[PDB]
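*Asks:* with the input below, show me the fold.
(4 chains, ligands or ions: 22)
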Amino acid sequence: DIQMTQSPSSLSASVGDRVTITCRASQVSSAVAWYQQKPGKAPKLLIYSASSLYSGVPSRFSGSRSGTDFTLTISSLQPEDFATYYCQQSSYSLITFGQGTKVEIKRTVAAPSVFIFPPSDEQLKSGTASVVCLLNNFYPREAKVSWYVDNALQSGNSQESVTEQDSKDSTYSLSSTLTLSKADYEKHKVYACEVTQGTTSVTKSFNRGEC
Amino acid sequence: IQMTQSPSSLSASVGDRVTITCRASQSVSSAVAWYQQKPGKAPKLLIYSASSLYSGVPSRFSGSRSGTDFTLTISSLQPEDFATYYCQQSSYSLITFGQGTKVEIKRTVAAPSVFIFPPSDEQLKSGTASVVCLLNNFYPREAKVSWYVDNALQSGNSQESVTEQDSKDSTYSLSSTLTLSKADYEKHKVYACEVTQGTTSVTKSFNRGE
Amino acid sequence: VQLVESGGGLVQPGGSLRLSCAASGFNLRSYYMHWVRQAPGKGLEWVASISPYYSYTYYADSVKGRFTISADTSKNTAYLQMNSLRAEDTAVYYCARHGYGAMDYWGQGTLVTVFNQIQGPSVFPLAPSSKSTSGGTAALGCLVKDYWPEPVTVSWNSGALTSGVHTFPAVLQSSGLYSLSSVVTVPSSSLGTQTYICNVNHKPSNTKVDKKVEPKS
Amino acid sequence: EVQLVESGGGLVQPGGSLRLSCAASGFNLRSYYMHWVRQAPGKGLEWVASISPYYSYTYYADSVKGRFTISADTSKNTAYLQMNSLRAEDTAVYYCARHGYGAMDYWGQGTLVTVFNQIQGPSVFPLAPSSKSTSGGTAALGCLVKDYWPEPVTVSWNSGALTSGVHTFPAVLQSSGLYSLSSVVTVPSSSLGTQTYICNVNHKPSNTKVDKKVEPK
Ligand SMILES: [Cl-]
Ligand SMILES: [Cl-]
Ligand SMILES: [Cl-]
Ligand SMILES: [Cl-]
Ligand SMILES: [Cl-]
Ligand SMILES: [Cl-]
Ligand SMILES: [Cl-]
Ligand SMILES: [Cl-]
Ligand code: NA
Ligand code: NA
Ligand code: NA
Ligand code: NA
Ligand code: NA
Ligand code: NA
Ligand code: NA
Ligand code: NA
Ligand code: NA
Ligand code: NA
Ligand code: NA
Ligand code: NA
Ligand code: NA
Ligand code: NA
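*Replies:* Residues are numbered from 1 along each chain as shown, chains lettered A, B, ... in the order given. Ligands and ions are numbered 1, 2, ... in the order given. Take a look:
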């Protein structure tokens, strides 16, 4: 069958840069389209017939063909162009997609705002304590979040989650939740969240039962 | 009754002296025992009534108590002492355990032996391809395993697994599995697994069909 | 002396299962017998005990009223009848003999796995401090815990509040249940006057939760 | 004015059936090709099926042929994906789309279909040693124990006679809900010609045992 091979699988570029996504056909027709998919949404059609621009799509998106290679160009990357991009190939009613290319926006470093949340009184009456650490609106994504309880380093009892890059300011947010028995939580005092990035570590903490 | 174990983990060399502390809240009683648990096995009793050594347990294990603290000592750490250690307190038929202490043996660096396994012909007739990279008998555990397919770095399609520390030579082994569709496997050629540790990276590779 | 546990396996939350502990080389009526469990990757937890000949029963707070330890001397066997099974009961269950100082002989253990069922989330506040410790910006949110299966969706103030919201991807907990948090940054000066309600919809369980997030004293 | 709305997704048993509907507004469904496209969580787009204008001709991706059926009711302005013998790889958001300008110009928002887990014995594949050692005289071989549920499996080699140098790794939980592990052993290459290596995989939850002779390729 027909196969599309998309390169790169991901890339990171600055605002104003020109971005070039390539999709290489296996055998074909100009029946090649390009789609943009933002997080949690259906893909939007950008180009059809390899180079015909779809109505309302900005002019910085364009498509080209050369032999078996099809190319999508974004001549001036904008922060809202963060998306996964997909080429599509149509045959005698048979359809194949490329694996996609995630385009992430390169922006200036931003240190996160770090907040720490004690478990609520509601939850403790069920016998479990979740402590939640929020890293808000930071760049780059790469970060090391560690937990300390009474200055002892925690292992194996926390999980992280990360948002997708923001469509306006291009930052990320990240949560780390420490999960403990109510008994363990109520016998220790100092809970701290340590966020390390580059040469800087930030520790937000609280004392149980105090403020 | 509450037991608090410290530390939650430690790493010490062979021959080193190791001390696990366990703190009772209300215990004027010597009813404190220590158990050793090896991977996939029930805990074994070592010390009971805080200082009596159980029969057959080696002499390098001993127990003591200082105030509200109960203490386990291993006077000369042996590699087969890799285990999780638990204090236990016995009451008017009520029992509590400490949270445990994982004891890992520090040994000299050992570079891994790296093997790479193509998908088997049998597996490919079901439409999925797993490529398996083996790091055998290495130390320390920390390592960075990356996959490349036709020199493209892979993200989100591999999972790692690591053994527990070996009871004899104190090394680890680790597997990384790349999972791909038959079609994706059949259209690319060069598969490599890159193992990085310190200032050294080792890449094991194969060419499909060779 | 040998202890052999049987009967572990898959079980539904709310269902029941009974473990047996077959003893050899000693009569277990003459000894205290215990059940101790171990959740995967976690520590030892004592569950229940049965006294010699008086058959007095003791239970840890987490299982009393749901679990029942008993013994049949004619079969030389100990039993743990577990009844209102829940996600936290997934564990290897050991029976062990109390001899002289402590638990000296152990079985090999029997694994019990509580699988997942459709379940609406519990939603707890991530409350802002009335005193800003972040220079005038307050963080608040909702913790959406222990639902199955995916997905949930979260809105704030029925869609009125969108700026500064971050609803995280859900995490898969060890127990098989999902959990996520949704947060928003607001001015601290708004904590006294503006109502912040998160609306969590979980269509698989036909559940909606609305939680007013209020500042903690 | 053109609107596409998918319903009918949700939880489904492996081997079970589920029917999605695609409700269309603002255009007549008989004049267009319709498509169903799915997307596994975190993964890429995969075309599933299409339905022709007026001839009602159906086309299918190889992975769903014989199990899925796309149909359409022009009287209700609705398109259907009938899904049968569902499997773990069918977990995905299913989107219907309209054929416009040669491609998919309008899409619905998608509907999530989740195939949950059922007791299942593993597939056990060889990790074969190369006949030519590329590691200085030591060969690595093993068994890949794939796609079983729930835990645990146990592995021995040569019915327990081969124990030295064995590493059976802890199982990993795949995205599909199924577990997977490998068991490997290092041996002398000179032994590959004369010594037989069989891994024995026991999976008690499904009452399955698999023995796999691992031969050099
Ligand atoms: Cl998506
Ligand atoms: Cl900054
Ligand atoms: Cl920072
Ligand atoms: Cl810890
Ligand atoms: Cl802790
Ligand atoms: Cl290395
Ligand atoms: Cl409310
Ligand atoms: Cl043989
Ligand atoms: Na591709
Ligand atoms: Na969507
Ligand atoms: Na600290
Ligand atoms: Na956690
Ligand atoms: Na630092
Ligand atoms: Na040493
Ligand atoms: Na790839
Ligand atoms: Na190589
Ligand atoms: Na569970
Ligand atoms: Na979600
Ligand atoms: Na989360
Ligand atoms: Na929902
Ligand atoms: Na060698
Ligand atoms: Na297992």
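
*Asks:* residue of chain C closest to ligand 3, please.
*Replies:* residue C:134 (13.7 Å; CB to the ion). To be clear about C-beta, it is placed using only N, CA and C from the backbone, and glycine gets the same treatment.

*Asks:* how close does that residue sit to residue C:140?
*Replies:* From residue C:134 over to residue C:140 the distance is 12 Å, taken as CB to CB, to the nearest Å.

*Asks:* what does chain A put close to ligand 12?
*Replies:* By CB under 5 Å from the ion, the residues of chain A that approach ligand 12 are A:158, A:159, A:177, A:179.

*Asks:* comparing residue C:134 and residue C:140, which shows the higher neighbour count?
*Replies:* With neighbours defined as other CB atoms under 10 Å in any protein chain shown, residue C:134 and residue C:140 compare such that residue C:140 has more, 24 against 16.

*Asks:* is chain A contacted by the helix or strand hosting the more buried one?
*Replies:* Using DSSP states H and E, residue C:140 sits within strand C:137-147. Yes - interface with chain A: strand C:137-147 contributes C:137, C:139, C:141, C:143, C:145 (CB under 8 Å from any CB of the partner chain).

*Asks:* make a ChimeraX selection of the buried ones in those.
*Replies:* Buried subset of the residues of strand C:137-147 next to chain A, written as a ChimeraX selection, criterion 16 or more other CB atoms under 10 Å in any protein chain shown:
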select /C:139,141,143,145
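
*Asks:* for the residues of strand C:137-147 next to chain A, which one is nearest residue C:37?
*Replies:* Residue C:37 lies nearest to residue C:145 out of the residues of strand C:137-147 next to chain A, by CB to CB, at 22.6 Å.

*Asks:* wait, what's in contact with that closest one?
*Replies:* A:123, A:130, C:121, C:122, C:123, C:124, C:177, C:179 (CB atoms under 8 Å, 6 or more residues apart in numbering or on different chains).

*Asks:* how near is residue A:76 to ligand 21?
*Replies:* Per CB to the ion, to the nearest Å, residue A:76 is found 56 Å from ligand 21.

*Asks:* distance from the centroid: which residue in the chain tops it?
*Replies:* Since no chain was named, I'll use chain A. Distance from the C-alpha centroid of chain A peaks at residue A:187, with 37.3 Å (CA atoms, centre = their mean).

*Asks:* oops, wrong one, chain C.
*Replies:* Largest centroid distance in chain C under CA atoms, centre = their mean is residue C:189 at 38.0 Å.

*Asks:* residue A:36 reaches residue A:88, doesn't it?
*Replies:* No - judged on CB atoms under 8 Å, residue A:36 makes no contact with residue A:88 at a distance of 11.8 Å.

*Asks:* who has more neighbours out of these two?
*Replies:* The neighbour comparison of residue A:36 against residue A:88 (other CB under 10 Å) goes to residue A:88, with 26 against 21.

*Asks:* distance of the single nearest residue of chain C relative to ligand 7 relative to residue C:154?
*Replies:* Taking CB to the ion, ligand 7 has its nearest neighbour within chain C at residue C:210, 3.9 Å off. Per CB to CB, residue C:210 is found 11 Å from residue C:154.

*Asks:* who has more neighbours, these two?
*Replies:* Between residue C:210 and residue C:154, counted using other CB under 10 Å, the more crowded position is residue C:154 (20 against 12).

*Asks:* what about the residue of chain C found nearest ligand 20, how many residues nearby?
*Replies:* Closest approach between chain C and ligand 20, counting by CB to the ion: residue C:203, at 3.7 Å. Counted with other CB under 10 Å, residues neighbouring residue C:203 total 13.

*Asks:* cool, and the one 5 residues further on?
*Replies:* In terms of burial, residue C:208 registers 12 neighbours under the definition other CB under 10 Å.

*Asks:* surely it meets residue C:202?
*Replies:* Yes - the pair residue C:208 / residue C:202 is scored as a contact, 7.3 Å apart, by CB under 8 Å.

*Asks:* tell me the SS of residue C:37?
*Replies:* Following DSSP: H, G, I helix; E, B strand; the rest coil, we place residue C:37 in the strand state.

*Asks:* the residue most central in space within chain A: what's it in contact with?
*Replies:* The residue lying closest to the centre of chain A (CA atoms, centre = their mean) is residue A:164, at 3.1 Å. The contact partners of residue A:164, by CB under 8 Å, 6+ apart, come to A:39, A:82, A:172.

*Asks:* what helix or strand is it on?
*Replies:* Using DSSP H and E, residue A:164 falls within no helix or strand.

*Asks:* what about the residue positioned nearest the centre of chain C, distance to residue C:40?
*Replies:* Of all residues in chain C, the one closest to the mean position by CA atoms, centre = their mean is residue C:88, 3.3 Å from it. Noted for residue C:88: a distance of 12 Å to residue C:40, by CB to CB.

*Asks:* give the burial count for the residue nearest to residue A:14 when sequence neighbours are not counted, as a bare number.
*Replies:* Once flanking residues are discounted, residue A:14 sits nearest to residue A:106: 4.3 Å by CB to CB, 6 or more residues apart in numbering or on different chains. Using other CB under 10 Å, residue A:106 is surrounded by 14 other residues.

*Asks:* now do the contacts for residue A:106.
*Replies:* A:12, A:13, A:14, A:15, A:17.

*Asks:* name the next helix or strand downstream of the strand holding residue C:140, please.
*Replies:* From strand C:137-147, the next helix or strand downstream (DSSP H and E) is strand C:153-156.

*Asks:* next, the buried residues of that following strand.
*Replies:* For strand C:153-156, burial by neighbour count (16+ other CB under 10 Å) applies to C:154, C:155, C:156.

*Asks:* may I see those arranged in CSV, with distance to residue D:32 as well?
*Replies:* Formatted as CSV, these follow (distance: CB to CB, whole Å):
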residue, distance to residue D:32
C:154, 35
C:155, 33
C:156, 38
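
*Asks:* what lines up beside the helix or strand encompassing residue C:182 in the sheet?
*Replies:* For residue C:182, the element it lies in under DSSP H and E is strand C:178-187. Using DSSP bridges, the strands paired with strand C:178-187 in its sheet are strand C:137-147 (antiparallel), strand C:165-167 (antiparallel), strand C:171-172 (antiparallel).

*Asks:* does ligand 19 sit close to it?
*Replies:* Yes - Strand C:178-187 is in contact with ligand 19 by CB under 5 Å from the ion, via residue C:180.

*Asks:* please save the CA atoms from that strand in CSV.
*Replies:* Extracted C-alpha coordinates of strand C:178-187, given in CSV (Å, rounded to 0.1, in the frame of the first residue of the first chain):
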residue,chain,number,x,y,z
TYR,C,178,-7.1,8.2,37.5
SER,C,179,-6.5,11.5,39.1
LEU,C,180,-6.0,15.0,37.9
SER,C,181,-5.9,18.6,39.2
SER,C,182,-7.2,21.8,37.6
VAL,C,183,-5.8,25.1,38.8
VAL,C,184,-6.2,28.8,38.1
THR,C,185,-4.3,32.0,39.1
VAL,C,186,-6.2,35.0,40.3
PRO,C,187,-5.6,38.3,42.1
